[PDB]
Amino acid sequence: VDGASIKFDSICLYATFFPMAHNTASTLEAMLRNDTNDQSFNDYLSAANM
Amino acid sequence: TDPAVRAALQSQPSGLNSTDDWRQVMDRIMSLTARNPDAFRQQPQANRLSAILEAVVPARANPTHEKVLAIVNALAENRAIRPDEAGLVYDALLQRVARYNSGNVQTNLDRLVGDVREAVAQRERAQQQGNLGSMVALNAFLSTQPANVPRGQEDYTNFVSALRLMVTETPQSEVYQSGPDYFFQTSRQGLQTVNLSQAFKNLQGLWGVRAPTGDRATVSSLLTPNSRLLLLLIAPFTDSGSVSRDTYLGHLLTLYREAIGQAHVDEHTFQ
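Residues numbered from 1 in each chain as written, not as in the entry; some residues may be left out. Chains lettered and ligands numbered in written order. Part of a larger assembly, values for the part shown. Heavy atoms only, no water.

Remarks on the packing of helix α4 (residues 64-77) of chain B against helix α5 (residues 83-98) of chain B
Residue and element names in this part refer to chain B.
Okay, so step 1: In the contact formed by α4 and α5, the axes pass within 10 Å of each other and the chain directions differ by 140°. Taken together, the axis directions place α4 and α5 in an arrangement best described as oblique. Considering how the two elements wind past one another, α4 and α5 form a crossing that is right-handed. Side by side, α4 and α5 meet where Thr 64, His 65, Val 68, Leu 69, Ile 71, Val 72 and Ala 76 of the first sit next to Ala 86, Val 89, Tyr 90, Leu 93, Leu 94 and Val 97 of the second.
Okay, so step 2: Taken together, the residues that form the contact of α4 with α5 break down as 11 nonpolar, 2 polar and no charged. (Axes fitted to C-alpha atoms, helices over the stretch in contact; angles between N-to-C directions. Helix = DSSP H or I, 4+ residues; strand = E, 2+ residues; numbered from the N terminus. Parallel < 35°, antiparallel > 145°, perpendicular 65-115°, else oblique. Left-handed = near helix turned anticlockwise from the far one by under 90°. Contact = heavy atoms within 4.5 Å. Nonpolar A, V, L, I, M, F, W, Y, C, P; charged D, E, K, R; others polar.)

Let's talk about the side chain of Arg 210 of chain B
Residue and element names in this part refer to chain B.
Okay, so step 1: Within the element layout of this structure, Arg 210 appears in the loop between α9 (196-203) and α10 (225-233).
Okay, so step 2: In this structure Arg 210 is buried but unpaired, with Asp 155 as the nearest side chain of opposite charge at 11 Å.
Okay, so step 3: Leave out the neighbours within four places in its chain, and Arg 210 touches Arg 151, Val 219, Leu 222, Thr 247 and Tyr 248. (Buried < 20%, exposed > 50% of the residue type's maximum accessible area, 1.4 Å probe, protein only. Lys, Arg positive; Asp, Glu negative; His and termini not counted. Salt bridge = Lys/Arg side-chain N within 4 Å of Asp/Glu carboxyl O.)

Some remarks on the interface of chain B and chain A
Okay, so step 1: Counting from both sides, the interface comprises 11 residues of chain B and, opposite them, 10 residues of chain A.
Okay, so step 2: Per-residue buried area on chain B facing chain A is highest for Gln 12, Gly 87 and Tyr 90 of chain B; these three make up 42% of the total on that side.
Okay, so step 3: At the junction of chain B and chain A, the tally comes to 0 salt bridges.
Okay, so step 4: For the interface between chain B and chain A, the tally reads 3 residue pairs in polar contact.
Okay, so step 5: Put simply, the parts of the chain that give the side of chain B that touches chain A at least two residues each are α4 and α5 of chain B.
Okay, so step 6: Here the side of chain B that touches chain A gets 5 residues from one element, more than from any other, and that element is α5 of chain B.
Okay, so step 7: For the side of chain B that touches chain A, the class distribution of residues is 5 nonpolar, 5 polar and 1 charged. (Buried area = accessible area lost by both parts, 1.4 Å probe. Polar contact = N/O pair within 3.5 Å; in protein donor to acceptor, adjacent residues only side chain to side chain.)

Brief notes about the packing of α9 of chain B against α10 of chain B
Residue and element names in this part refer to chain B.
Okay, so step 1: Interhelical geometry of α9 versus α10 gives an angle of 100° and a closest axis separation of 9 Å. Taken together, the axis directions place α9 and α10 in an arrangement best described as roughly perpendicular. Where α9 approaches α10, its residues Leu 196, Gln 198, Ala 199, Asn 202 and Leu 203 are matched on the opposing element by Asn 226, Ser 227, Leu 230 and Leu 231.
Okay, so step 2: A class-by-class count of the residues in the contact of α9 with α10 yields 5 nonpolar, 4 polar and no charged.

Some remarks on the sheet that holds strand β1 (residues 174-177) of chain B
Residue and element names in this part refer to chain B.
Okay, so step 1: Across the sheet, 3 strands lie side by side as β1-β2-β3; this open sheet has antiparallel pairing. The open sheet has two free edges, formed respectively by β1 and β3 (193-195), since each of these has just one partner strand. Between one strand and the next, the sheet's axes are offset by a mean angle of 20°, whatever the strand orientation.
Okay, so step 2: As judged from the 3 bridges shared by strand β2 (residues 182-185) and β3, these two strands associate in the antiparallel manner. Following the sheet pairing, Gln 185 is matched in β3 by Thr 193.
Okay, so step 3: Sheet contacts for α10: β2 and β3; angle to β3, the most-contacted strand, approximately 120°. (Pairing = 2+ DSSP bridges.)

Some words on the domain arrangement of chain B
Okay, so step 1: What the domain assignment reports for chain B is domain 1 (1-129) and domain 2 (133-271).
Okay, so step 2: The distance between the C-alpha centroids of domain 1 of chain B and domain 2 of chain B comes to 52 Å. (Domains from an automatic or database assignment.)

Re the nonpolar core
Generally speaking, soluble globular proteins have nonpolar side chains that are buried together.
Residues and elements named next belong to chain B.
Okay, so step 1: Judged by nonpolar contacts, the single largest core of 35 residues is most densely connected at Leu 138, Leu 196, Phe 200 and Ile 234.
Okay, so step 2: If you list the elements that add at least two residues to this core, you get α7 (132-144), α8 (154-169), β2, α9, α10 and α11 (248-269).
Okay, so step 3: Element by element, the count of residues in this core is highest for α8, at 7 residues.
Okay, so step 4: Ignoring sequence-local partners within four residues, the contact set of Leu 138 consists of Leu 163, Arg 164, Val 167, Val 175 and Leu 196.
Okay, so step 5: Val 68, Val 72, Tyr 90 and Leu 109 belong to the second-largest nonpolar core, a separate cluster that totals 13 residues. (Core = buried A, V, L, I, M, F, W, Y, C linked by side-chain atoms within 4.5 Å.)

Below, the structure is given as structure tokens:
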């Protein structure tokens with residue numbers, strides 16, 4: 001009720017790639033695809049809210 | 001790390017002491033292990049139960065990735081592709097298998113991992129065994145060369161056998177043909193390349209007539225330096241009496257053989 005307003009003119013997504021030695025990156029990519037080396041994550045406020 | 005593509009693979013798709021080797025886990029969980037018994041009896045409950053639950057009913061696994069990675073690694077260690085190409089071709093083969101899969105395909109894949117393991121081992125031992133390709137090239141060149149020398153023949157064929165023995169007995173030596181000539185490199189990325197065709201052409205005229213003329217350095221300039229290197233490389237071979245002595249060629253061979261000899265001997269002595 002105070003006339004505050006905001007518009008998005010444009011938006012872009014940025015990313016940063018670590019320049020890895022191609023053979024090392026290739027072997028890492030090979031290893032990371034097997035089931036035994038799957039990545040896992042959890043969350044700090046592991047929780048639930050109510 | 002390890003050349004055996006099975007071993008150099010299985011480091012990548014595997015846990016550590018999981019229920020892939022069921023017998024060891026079952027031995028350790030009851031009491032059977034003697035190295036450190038009662039280890040499992042005193043872990044937290046969850047862990048204990050979970051192993052036990054894993055042990056009584058094993059969980060099936062999908063070994064497609066393991067086999068495909070094994071064959072890819074075999075290709076990489078055998079110079080079939082570059083390592084970047086290895087990273088790409090792993091996914092390529094994975095898609096290929098996944099879009100045509102069948103029990104027959106898995107059977108052929110196991111056959112193939114066995115075959116590539118054997119292939120890598122064979123390639124390594126053959127590369128350390130003498131490089132038959134050089135022998136084939138040398139035999140082709142010798143077929144190109146004539147086998148008859150009007151002045152002297154025993155020395156010529158003795159020298160030919162000596163050269164054959166030299167190329168056979170030292171692996172990593174290269175014999176090939178680049179232009180309209182055959183050559184002999186004592187090592188990959190190595191100096192001392194001998195123009196074999198030119199050396200034989202020059203040496204054809206010195207076989208059976210340089211024995212009486214060895215005392216006077218009147219024809220000594222006929223020996224082109226390339227052929228001199230060729231003779232120098234065969235000093236350890238063609239031991240005394242193989243080439244008839246009192247011959248300019250024989251004299252050079254004997255001198256070179258004596259020189260190299262004092263050297264290696266003194267060297268293993270060192271200190």
